[PDB]
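Below: one structure, written as structure tokens.
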Amino acid sequence: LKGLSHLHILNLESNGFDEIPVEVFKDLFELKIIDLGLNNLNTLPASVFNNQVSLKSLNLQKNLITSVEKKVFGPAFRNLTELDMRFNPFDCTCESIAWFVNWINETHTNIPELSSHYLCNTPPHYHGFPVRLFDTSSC
RNA sequence: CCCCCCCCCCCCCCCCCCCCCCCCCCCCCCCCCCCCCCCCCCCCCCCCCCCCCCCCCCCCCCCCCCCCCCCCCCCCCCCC
């Protein structure tokens with residue numbers, strides 16, 4: 001993907017990806033839509049979406065993602081229009097989704113089916129509970 | 001100067017088997033859209049038929065009144 005300065009739409013859905021190299025998206029400054037759903041992604045390297053300063057739509061549904069952290073999704077979640085991370089095994093813990101749930105609480109990005117398909121998986125106390133109802137007052 | 005036999009390690013290639021990953025096809029279930037047919041409920045429309053009510057018309061019947069015509073009967077007076 002190097003040198004594709006004018007790339008706008010990238011679709012990499014359902015390729016079986018387990019890990020993403022940190023510097024695969026570094027040249028894609030004008031990228032607006034990236035689709036990475038239906039892969040096997042769980043852990044992402046930090047600063048992998050740093051150069052995506054014009055990203056408007058991120059799709060990561062039906063992956064194995066458990067934690068959404070600022071060091072990875074910070075620049076990606078800056079100015080979005082649509083977010084799609086629905087069917088993921090979210091780990092509802094203060095070090096996994098606390099920044100993400102705070103971001104969900106105040107944001108203008110459209111997140112469809114937020115109250116139904118964003119469900120905790122672990123710990124068993126939270127299994128099945130909505131991610132948006134996680135309480136961060138004791139973090 | 002010259003062959004053969006063992007040892008370790010590195011390989012190459014052809015098969016077998018097991019793994020993840022993906023594609024295509026199919027099956028099961030569910031959902032959505034469309035089409036067709038059918039049932040149920042309610043509000044109606046038009047037409048036909050039957051019945052009833054009101055009003056009116058025409059005809060007829062019964063009774064009564066008026067006029068005209070006709071007939072009978074009673075008083076009274078003259079003419080020859």
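For the numbers below, each heavy atom of this structure counts, side chains included, while hydrogens, waters and symmetry mates do not. Proteins come first, then strands; the chains are lettered A, B, ... in the order of their sequence lines, and each starts at number 1.
Counting only residues at least two apart or in different chains, disulfide bond (SG atoms under 2.5 Å apart) contacts with residues 16-78 of chain A are absent. Here salt bridge (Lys or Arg N to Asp or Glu O under 4.0 Å) pairs that include residues 67-86 of chain A, with residues two or more places apart or in two chains, are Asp84(A)-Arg86(A), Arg86(A)-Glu113(A). Within the structure, the salt bridge (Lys or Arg N to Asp or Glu O under 4.0 Å) test picks out no pair touching residues 115-131 of chain A (sequence neighbours left out). Within the structure, disulfide bond (SG atoms under 2.5 Å apart) contacts touching residues 101-139 of chain A (residues at least two apart or in different chains) are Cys92(A)-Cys120(A).
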With B for base contact, S for sugar-phosphate-only contact and - for none (protein heavy atoms under 4.0 Å), nucleotides 23-33 of chain B reads S----------
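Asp135(A) is linked by a side chain to side chain donor-acceptor pair (under 3.5 Å) to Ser137(A), counting only residues two or more places apart in sequence or in another chain. Evaluation of the side chain to side chain contact (heavy atoms under 4.5 Å, CB included) rule for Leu114(A) yields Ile104(A), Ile111(A), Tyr118(A), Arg132(A) as partners, not counting sequence neighbours.
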Hey, can you pull the donor-acceptor pairs under 3.5 Å for the side chains in residues 29-46 of chain A, sequence neighbours left out?
unit_1   : atom_1 : unit_2   : atom_2 : d
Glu30(A) : OE1    : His8(A)  : NE2    : 3.2
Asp35(A) : OD1    : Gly37(A) : N      : 3.3
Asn39(A) : OD1    : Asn15(A) : N      : 2.9
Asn39(A) : OD1    : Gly16(A) : N      : 3.1
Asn39(A) : OD1    : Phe17(A) : N      : 3.1
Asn39(A) : ND2    : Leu12(A) : O      : 3.0
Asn39(A) : ND2    : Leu36(A) : O      : 3.0
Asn39(A) : ND2    : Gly37(A) : O      : 3.4
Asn42(A) : ND2    : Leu64(A) : O      : 2.5

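Residues from residues 35-43 of chain A with heavy atoms under 4.0 angstrom of RNA chain B, sorted by number: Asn40(A).
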